[PDB]
Structures are given as structure tokens and as C-alpha cells.
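What follows is a set of notes on a single structure, which appears directly below.
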Amino acid sequence: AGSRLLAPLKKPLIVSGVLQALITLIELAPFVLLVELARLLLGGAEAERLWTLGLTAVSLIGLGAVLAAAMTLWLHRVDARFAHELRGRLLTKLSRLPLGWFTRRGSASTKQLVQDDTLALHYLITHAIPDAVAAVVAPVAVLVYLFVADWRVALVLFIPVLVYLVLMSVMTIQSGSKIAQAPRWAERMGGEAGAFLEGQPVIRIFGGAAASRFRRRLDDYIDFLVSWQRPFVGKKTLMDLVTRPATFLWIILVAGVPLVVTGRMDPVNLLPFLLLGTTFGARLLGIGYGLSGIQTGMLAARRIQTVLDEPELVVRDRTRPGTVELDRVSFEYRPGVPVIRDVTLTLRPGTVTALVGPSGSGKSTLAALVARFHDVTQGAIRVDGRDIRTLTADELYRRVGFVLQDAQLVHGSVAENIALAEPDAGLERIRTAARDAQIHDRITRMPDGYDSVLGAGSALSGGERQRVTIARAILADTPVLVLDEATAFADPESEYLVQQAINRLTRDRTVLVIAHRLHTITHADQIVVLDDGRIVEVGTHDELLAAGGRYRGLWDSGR
Amino acid sequence: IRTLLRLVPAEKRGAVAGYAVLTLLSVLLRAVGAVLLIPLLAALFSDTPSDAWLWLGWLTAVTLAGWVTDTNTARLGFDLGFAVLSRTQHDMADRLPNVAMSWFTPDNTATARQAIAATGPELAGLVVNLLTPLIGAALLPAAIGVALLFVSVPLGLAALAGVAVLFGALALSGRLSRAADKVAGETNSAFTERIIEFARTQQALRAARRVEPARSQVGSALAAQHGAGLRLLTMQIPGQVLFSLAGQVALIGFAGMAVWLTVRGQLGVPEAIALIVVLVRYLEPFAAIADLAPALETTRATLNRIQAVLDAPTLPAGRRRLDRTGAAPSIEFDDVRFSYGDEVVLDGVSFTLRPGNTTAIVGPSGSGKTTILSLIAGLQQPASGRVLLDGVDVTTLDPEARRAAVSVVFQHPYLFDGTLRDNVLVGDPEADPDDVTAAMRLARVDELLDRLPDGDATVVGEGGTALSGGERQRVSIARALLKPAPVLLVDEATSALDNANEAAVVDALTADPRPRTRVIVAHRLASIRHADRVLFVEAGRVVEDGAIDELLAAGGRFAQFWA
Ligand SMILES: [Mg+2]
Ligand SMILES: [Mg+2]
Ligand SMILES: [Zn+2]
């Protein structure tokens, strides 16, 4: 799963392995020269030899630092470039997934996936292979050297190594489950935090801070972190003590001093252990702290590739104008939970189709299926005779504009929000679209004018931001329009004026109107009553009233 | 380190003092253990190696003391890190509902989000992961230098002069990468907010065709974030080079003086060999500081965000309470004025609403009638004037009694991710099942239960996105009617309901048994049948008021409004 994602970094990661092997051998070479320098320095060698060894040792230290710095610079750039490409792939993937994926997952979990999962790959793909190769090469090279020097004092170095390995294994075993539970806990707390900040007026009125679910789950998450981190940090510092250079220096002397005091060793031969033996502990600590990073990186790779393996809205090769044509459409958000049932409905150019009915019947889903935010479970939807599943997002949305139930405004200027469908539209087109939607006057009252930003906290009134979205759809100016409960939050005077503007623009266009204000849709050429996900009756306003059906019931209740 | 001490709880300052004492003691023991080698090799290489047992016996004691204090320092560092984590997060959680509503700008909303999102393990283990190794690395070569003054005074001077360049490099490394790190943090935060917008506004972006990265706002945020990230990597190279050169300069100073003393004969030959090991122990912190310095910059940015949230201006309050045990209070605006930013929303609105009667508010769009309901509920507060509940100003009311006295049906009915019954129980979690069933019945939510497959356990999405607009609206109505508050503000509670459900909910709003002052905002004349009074809020002014039939006969703005 992870390897299929990280395959493009095959050659950087292999090159990182070999370069670290050479670099960590180069980093160990100075202390080999210093041992040679110390031995000749006790032997009273000529000053030329001492200066040559000393100067070379300092130069090789500089070379090692330069090469290590150049490596981590290059390897971090490679990781940064891969993450940008991977995030670009995820954004392109999410641009064509079914829209139920977002609804059941949430925006918080999407935030973890795009940004924090790709960031969790860091230690795996830039630090893991160097740290592992260093901990394999340098301790082996040092211990081989010291076993050549003296086996008695080289054997005691297995004591801190064995204790470190035991601590490393039990640490990873103990924290393995928690590292797997961690990403979902972060998703949950991300969800709670987003709801806490977005749903602030509900928190202020209903229960305040203490009664909020966020504080309950915040305590639960911190309790999880404490249980995860206390034994983990406890083991993590015991390893730090075991592999510290001071620990190696002490245990070397404990094993060496009783020998040297006796006639069993020459103190000249303790020099390698003091100089080489203390240095390879810090490199063991690398993977000692990095196993958790590798575990997190592998799990993040699995989540990322799982989403990149997710099924998406394909664009088939199967391959009147202005017509929309639903042909025995059926749809279910959850399998076994139908919401549309055998609906047949043809929208023709130069007509207005009013899709009314009880709340929760399925009207907004049927508008969504015309948008192809989801795929029908049965039947087909055809635009200009071309099935929407054979149309790319470009071709499909060239032909059908939308005003959605929720007035979702993106963070940006008002001209950007109106020009969302066509950012390169001239300002004069934007002002005419706003005048039609009866929102240009309010925009001129704003401080900055059209450039004023509509982020949350600098928002507009409910009816006003709805009129902005109506202005957006008018600017798109598609052959087909779908007015999913426009004028819901508008007053009767604004509602009448925007409807007049819409009825002026869309005389040679296909219009689908979803309205609970039944008095606004009496002019429709066809009034479709959608109840329980199935069309219960069809006709004009006068015909439906005379029929005494469901529409008569809704009409009478409206008085 | 000043920002951390500001965030420390006053309870935990005693542990911070103890932690600081042990951290210094640990560093002294590390340096003394390193410098005890110099006597040790002097004795071991002499003609009487039995003298080395003294220094080995002392080195062992310093080493064990190093182990014990370092485990204790880790323990105290862990407790300090989580204690700060729990207390700051609880302070932010309690403060944010009290922060002024105007504070939540898109930038401030982002900052509050990342501050809460910092609850993860990176901040919890901040003390053990960052402060403890930093203080160890920064103070170790100084402690080695002070220890080496005993072995040789000018040798200790050379060691401490190396520490001067160490702190010099540490100071300059921060300034070199400060601007790039700030830009990188800003672009990352923008990328986070655009991802959230991308996942939330997905339908509108898809229809508007701004969803592809080449065309989307999030794609531009990703490109800018990548560019800023590479700049940060490039601008960290001066810091890495500076620490490396500082390490080499300290190596030259320490080694040069050691060789000078060795050649001059004032310092022994085996001791000069021991100084190689002490020099390596002396130069290890020069690399550790380089590794830790970038984490400091990120931590400073994180704690700036946490303190910024804790610096937010809480809404004014008091300790006044209503005398009534939830009996209906009168509501009146005493010449209220209110303005978002610089635009006047309300200009001297004045009215008095009777205790038990229902009042309707109507008028053109953008008039300011949700603002009137928000002011009555205390979500906002007037710029000037005073809003009274039963003769008591709301600004002086106890925040507990202030929110307990009002229940609201919001214009946009947000719902929390969870079951349907959880969202209804938010109104009053201690309510009886009999009361909950009555509340859901009144809001026509029983129709949802007998039509949805899971019933009241139907999981709602983020917001109310897994429910129809009318369905989440009825759930909000059920939530509000459940609460026993004596003031019920109905802000377009039937905007997204069909005529049948709209009629049923409208009857239920008046059929609710307990007495309340009911303020209803509506754009449907059939939704204000039961109102005893009307207020035509236009352009921030109550242009007229009276009864429905009275205003209709008068032929004023009301008759034209419902033509
Ligand atoms: Mg809908
Ligand atoms: Mg409103
Ligand atoms: Zn890194």
C-alpha cells in the first residue's frame, strides 16, 4: 500500500542509502585519525606527523558536516517536491470523487488527509533511510574496529546496545496500537474544533462552554495522549540514558580500569574505546526515536493511497439541445435507503419546470443528480441527448448552471464570488449580474465596494448572500438553470424582483425551480409534485388545483 | 522562554522552579562527569594506575546522579508539558464562547482553529522534546568551561570563549530565518483554511468549475505554500552554516589553547589526550543546538497563536439575575444602536414587548431583524443604548442566567455532527424522555423519525448537511422548544419548510404550553398568524407597529409588503 505510493522515490531513497553509508564512514574517519594521533602523541613522534594527523582530522570533520548538510538539504527538497505533487494529486482526485464521500467523511477528515497525512510522510521518505543506514553502518564499523583493538572492553559495549535494543522493541510494541489510534483521534478532535468554531451561536445559547461536547471530547483526547505519551516518553528517555556518550564512557572505564590497574592491558590500547566507542550511541538513537515516525508514515501512506484508490466519477466513452431528460432515475445515498424511485422527467428549452413537494421528499437530490454530484443507482440522465456520465466536468457544467439550497460563499471579494463560474469575466458583466440579482445596491453600500471580502465574520445577511449566489448563476449564463430554493430567505419585494429578472433572462433556456413558496411557481409550464421520492402528479397550476391532489393540500395549507 | 512562563499555571510554578533546579543540576553533573576524565587519564597513564580508582569512583557517582536527575527531569518536564497543554486548552475552550462575536474574523477564526488543533502530541511533549535538550545543549559547554577552570584557568577561559560564539550563532540564526518561517507559517495556514473551504463548499465549486487545482483557490494556496516551503529550506542554510562555523571556531579555540599548554609544558600529555574526548563532548551541543533551533521558531509561532486566542476580548458581563423562576419577562430596547464595523444596523430602535404576548418582526431583506434577535439573546451587544429583560439590562446579567433566559431558532440552523436526538437534547440534556418526545412532536420531527430509516439515531453530517434544509430546520426548532427559557426568538424557522409543515410548526409555536415572550421573524404572512403585535423593521428602524389586521387596514408599509 505504502510502497505503491512511494515508488516514484525509488532512486532518491536508494541513493540516500548509499550516500549515508559513505557519509557516516567519512564522519567516523576523523576519530580513527585522532586515535592514531593520540598513539603517536604518547610515542613522542615528530611534530610534522602530529600536525598532519590533527589537521586532517579537523578537515575531515568539516567535510563530513558539509556532506551531511548538503544531503539533508537535497533530501528535504526531494521530500518537499514529492509532497507538493502528492497534494496536487489528492486535490485532483477529490475534484472527481462522488460527493457523498465528502458528506460522510467531513471537512475535518479532508483537512487531515490533504495536509497532515502528506506531512506525516516526512520522516519516512527523508529521515528514515538515512537514520537506519547510519545506525547499521556506524555501530558495525565502530564495533568491528574495537573488537580488533580489544575484545574484552569491546564486549561490554554490547550491554548498552542490548539494553537499547530491548527498550526499542518493547517501546514499539507498547506504542504500536496507540500510533494506529492516533490519526482517528486527531480527525475526531479536528471535527469537534471545526464544529465548535463554526457552531458558536448554538454554543452561546444552548449550554455554553461547559455543556459543550467539545470540552468532553477534549478531555477524552488529552487522557488518550497522556496514556500514550507517559510510558512512551518514559521508555524514550531511558534509551537516551542508555545510548548517551557519557554512559559508554563510564562503562568503558569500568571495564577498562580494573584491567589497566592489573597487568592485563596497556592504557595506550584504551584510546580507541574512549575516542570511537562513545560516538556510535547517538546514531542508534536515530532509529530509536524514528520507529514511531516510520510507523506513522506507513499508516499515513496507507490512508493516502486508500483515497487515491477510491472509486470516482468516471467519464465513459459512450458519448433537442438544452434538453435535460431523466429516464427512470433512481438513487440512494446509503444502499438500502432509497430517496428517488423511478422518476421520469424531461426538461425542455423555453420552459419552466416547478419541482414542488413536501420537505425531505428528494427535490434537492434530484437537482444534485442533474449536477452529477452523485451517480444514479438506476436509469439515466441525458443533457442534449448526451448522458451525463459520458460528459466531462467541463462539458457537463458548460450546459447546466445552478443555484444551490445553501448560499455557500467562498473566502474572497464579492466580485470573485459572483465571478466564481467565470473569473476572467469583466467587471461590467459582474455589475450587470449583480443588478439583476438585486444585490448591486447593497454592494455599493459596502466599505470596499465589490472588492470587499466575504469571509466568515465579515458575512452578509441570509437573503443577501443568497442573492449573491443567484448573481453567480446568472453570470455563468448556462443554457440550463436549476434554481434549488432561490428566494427562500428573500422578502416578497426582493423575491418578486429577482424572479422577474430570472424570468427575463431564461425565456430561451431550460429552468428547474424548486420552491416551497408555491405562489412564485404558478407561472411554470409544468409543476411536478415530488413526494416520498416519486412524482405523485404533474400538471399546470390550474389543473393541479382542480384535481384536488397533494398540490391542493399544500396550496390550501399555505393560505 | 518568556512566553512559556506566561502560559504556566500559577499552581504549576512550583514544579517549574523544581524543574529548572534539576535541569541546571543535570547539566553540572554532565560537565563534571566529562571533566573528571582528565584526572582519570592523568592517573591511569601515570606510573601508579591505582590512583584512577578515586576518579572512577567519583565518575560513577556523578554518572548515577546524572541518570537519576535526568529521569526526574523527564518526569517533571512531562508533567509541565501536559499541565500547560490541559490548562491552556481548557482556558481557550472556556474563553471562546465568551469572546466577542466580532472577533471571529476569517484570520482570527483560522488562528483559533490552529490553536485548538495544536492539542496533538507535538505541543504536549514540548518541554521534554524541546526545552530540556535545548537547555542541556546550551548550558553544557558553559558548564564544561566552568569545570575546566579547576583543571586549568586559561583552559576554562578558552572553553567559555567558545560559548560566546555559540550564543552568538544561536542569536543570529533566529533572525536569519525569521521572515521566511513567518511567511511559511502564513501560507500553510491559508492552505489549511482553503482545504476546509474546499471540503465544505464542494458543491458550489464543482458547479462553478473552480475545483481543479489549476483553477481552484486551494490549488493556488498549495502552489504558494510549496513555494514558501522551499524558500524556508533555502533560508535555513545560513543558520546551518553559521552553527557549523561556530563549532569549528570553538574547536580551533579549544584545541589551539590545549596544544599551546601541552607544548609549553604547563599541561600534561595524558591530560592533553583526555581533552580530545572532553572537546568532543564539548562540541556535541553545537550540533544539537542546530537541530533544535528550527523547532523553537515553530514553537514560538504556536504559542503566539495560543496566547492570541487567550488575548481575545471577552464580551462584557455582570452578576445581575432575573427575579422570576422562568416566568415570562418583558423585553424592551431603550434607544438601541448597533453597527457591524462602521455601518449602522440599528438607529435608535425603541419598543416595549409585553411579558406573555407574541411579537412578529417583518420588513425588507437586510433590514437588521436577526440583529434585533441577536441583541435580545445577548450574542451581540449594543454600541449604545440598553436592552432590558424584565427591567434588568442584559449587559449586566450573569452569563449563566443570561443564556438560561433565552432560546433561539437561528436563521441558518447549524447542527452538530452526531445523532438527531443528540442535537435535540442540546437544548436541555437533563430533559425527560416525555419532554423530548413532546418537543420533537411540536417541531414535526416525529415525521422525520417515521420516514428516516434509523429514526432519532440518524447520524447528521458536518453541520446539517446529511439532512434536508427543512429537516435540519425542524431539528433546530425541536432543540429550541425543548429549552425551558421564557424568551423564544424564532428567526425564520419555516423558511425551508413546505406549506403543510410550515402550518404545523406555526401552530405548534403558539400551542407550546408554557408562557414565553415570543419574537418571530418571518417572510411568510401565514407564519405570523398568532402574533399579538408586529414590528416592521426597515433600514434599522421600526417604521410601524400594531396588530396584523390593524396594519393591514391602515394600508402602510405592511399592506404593500404582503401585496
Ligand atoms: Mg433541499
Ligand atoms: Mg435574518
Ligand atoms: Zn526533517
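Letters for chains follow the order of the C-alpha cells (A, B, ...), residue numbers begin at 1 for each chain, and ligand numbers begin at 1 in the order shown.
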Legend entry - Contact set, chain A to chain B: 6 Å, only C-alpha atoms, as a ChimeraX atom specification: /A:92,95,106-107,111,204-206,209,261,358-360,420-421,455-457,461,488,491,516,554,557-558
Go through chain A and flag each residue having an atom no more than 8 Å from ligand 2; for those, report the closest pair of atoms plus their distance in Å to one decimal, using only C-alpha atoms and all ligand atoms, ordered by chain and rising number, as JSON lines.
{"residue": "A:461", "atom": "CA", "partner": "ligand 2", "partner_atom_place_in_ligand_line": "1 (Mg)", "distance": 6.2}
{"residue": "A:462", "atom": "CA", "partner": "ligand 2", "partner_atom_place_in_ligand_line": "1 (Mg)", "distance": 5.7}
{"residue": "A:463", "atom": "CA", "partner": "ligand 2", "partner_atom_place_in_ligand_line": "1 (Mg)", "distance": 7.5}
{"residue": "A:489", "atom": "CA", "partner": "ligand 2", "partner_atom_place_in_ligand_line": "1 (Mg)", "distance": 7.8}
Inset, instruction - Have a look at A:362, A:544, A:380, A:513 and name the one nearest to ligand 1; count only C-alpha atoms and all ligand atoms. - result: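 Ranking A:362, A:544, A:380, A:513 by distance to ligand 1, first place goes to A:362.
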Legend entry - Selection near residue 24 (chain A), 8 Å with only C-alpha atoms, sequence-local residues under 6 positions removed, as a PyMOL selection string: chain A and resi 64+134+137-138
Could you write out that same residue set with C-alpha atoms as a compact mmCIF listing (two decimals), in the first residue's frame?
# COMPACT_ATOMS: atom_id res chain seq x y z
CA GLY A 64 31.56 15.32 6.99
CA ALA A 134 23.67 5.25 9.84
CA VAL A 137 26.88 1.10 9.28
CA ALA A 138 28.47 3.22 12.01
Inset, instruction - Could you tell me which of A:131, A:150, A:117, A:36 comes closest to residue 23 (chain A) if we count only C-alpha atoms? - result: A:131
Inset, instruction - Output the neighbourhood of ligand 3 as an MDAnalysis selection string, that is, all protein and nucleic acid residues with some atom at most 9 Å from the ligand, counting only C-alpha atoms and all ligand atoms. - result: chainID A and resid 72 75:76 122:123 126:127
